[PDB]
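Every number for a ligand or one of its atoms is a count from 1 in the order of the listing. Positions are given from 1 along the sequence.
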Amino acid sequence: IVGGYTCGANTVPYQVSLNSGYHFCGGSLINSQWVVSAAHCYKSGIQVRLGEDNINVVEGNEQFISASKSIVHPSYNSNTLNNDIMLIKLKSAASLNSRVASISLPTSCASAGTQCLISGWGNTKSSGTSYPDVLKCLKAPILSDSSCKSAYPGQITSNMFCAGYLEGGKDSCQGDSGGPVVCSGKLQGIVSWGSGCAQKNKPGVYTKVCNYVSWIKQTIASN
Ligand SMILES: [Ca+2]
């Protein structure tokens, strides 16, 4: 997250870190057994880390639970990043309390102008590299479909939306991928892609979670 703020420990209780020996992507806990992330974060051997603030220090609220199964969206296209969503099942159910909690799925799609909370452990610099150990946060609005398409000609599908600031300086970034965009207490986006980070006229692009609620529910119901 570039141009954000330190969230505070366990203030984003649905945020998870995907770990394969190291943090590599975010995700969102949607029930005791299941995490939403980006399909482009797929790999084998995932350990889901819940209750994290500093990802390099054991602070006392963590739950580390190996994944039993990953399910990339049936229509994920890694070239275009269309349908950049996956589900990860935990080998055992997480214990839920105020610091580790699921986030609700949307019942309707959010609108341009709505304020959301984007979070992650990704790079905090737009030029060069610095990775935080504690969770960063950014409040940002959803942008119009027209301004999103004008920013990224030929690239924005109906399964994507832009959020952030066209002036630059505030955005998600590498290492945030797969993490949440939460608006009015609902998971509306997944950190997906963008041109660089926090560049002028290059806002963040997010998977549009409301399009996937029926797939998510039916997949969980049978897996
Ligand atoms: Ca920790």
Side-chain angles (χ1 to χ4, degrees), residues 1-70 85-104 116-126 128-140 170-182 185-187 189-192 197-198 204 206-207 209:
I1 303 288
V2 178
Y5 62 101
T6 295
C7 303
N10 309 299
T11 63
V12 189
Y14 52 85
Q15 171 84 232
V16 308
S17 169
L18 305 184
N19 187 106
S20 62
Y22 46 84
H23 167 83
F24 68 89
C25 273
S28 301
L29 191 67
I30 60 165
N31 69 24
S32 68
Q33 289 193 296
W34 289 90
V35 166
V36 175
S37 186
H40 85 257
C41 294
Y42 165 76
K43 61 167 71 186
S44 61
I46 296 176
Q47 186 187 64
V48 176
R49 297 191 167 205
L50 308 179
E52 286 283 18
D53 189 45
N54 192 316
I55 50 164
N56 277 321
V57 180
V58 177
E59 297 179 298
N61 294 295
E62 296 90 351
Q63 296 175 49
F64 295 171
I65 304 171
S66 300
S68 58
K69 175 185 280 185
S70 291
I85 186 170
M86 67 181 299
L87 285 163
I88 299 169
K89 193 180 187 182
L90 301 181
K91 282 182 189 202
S92 60
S95 297
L96 306 183
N97 335 255
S98 289
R99 295 186 181 248
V100 177
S102 54
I103 186 71
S104 292
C116 307
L117 183 70
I118 310 178
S119 49
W121 289 275
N123 189 4
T124 62
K125 298 199 161 167
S126 54
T129 300
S130 183
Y131 289 84
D133 292 314
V134 300
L135 188 67
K136 300 284 179 178
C137 275
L138 177 64
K139 288 184 181 183
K170 296 184 281 205
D171 197 3
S172 58
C173 198
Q174 281 69 223
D176 293 320
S177 290
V181 181
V182 165
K186 308 304 180 163
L187 182 68
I190 302 166
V191 179
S192 182
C197 309
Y206 299 93
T207 309
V209 173

>> For a 4.5 angstrom cut-off between non-hydrogen side-chain atoms, does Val191 reach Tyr206?
In response: yes

> Got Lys136 and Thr6 here, is their nearest side-chain heavy-atom distance under 4.5 Å?
Replying inline: yes

> Around the Ca ion (ligand 1), how many protein N, O or S atoms are there at under 3.0 Å?
Replying inline: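 For the Ca ion (ligand 1), the figure is 4.
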
>> Using modelled atom types and a 3.5 Å cut-off, is there a donor and acceptor pairing between side-chain atoms of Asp53 and backbone atoms of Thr11?
In response: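 No, the answer is negative, given that no donor and acceptor are paired below the 3.5 Å cut-off.
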
> Can you find a side-chain donor-acceptor pair between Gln15 and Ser119 that sits under 3.5 Å?
Replying inline: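 Yes, side-chain donor-acceptor contact under 3.5 Å.
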
>> Distance check, rounded to the nearest 0.5 Å: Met86 atom CE versus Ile46 atom CD1?
In response: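 Here the rounded value is 5.0 Å.
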
>> How close do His40 and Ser177 get, counting heavy atoms only, and between which atoms?
In response: NE2-OG, 3.0 Å

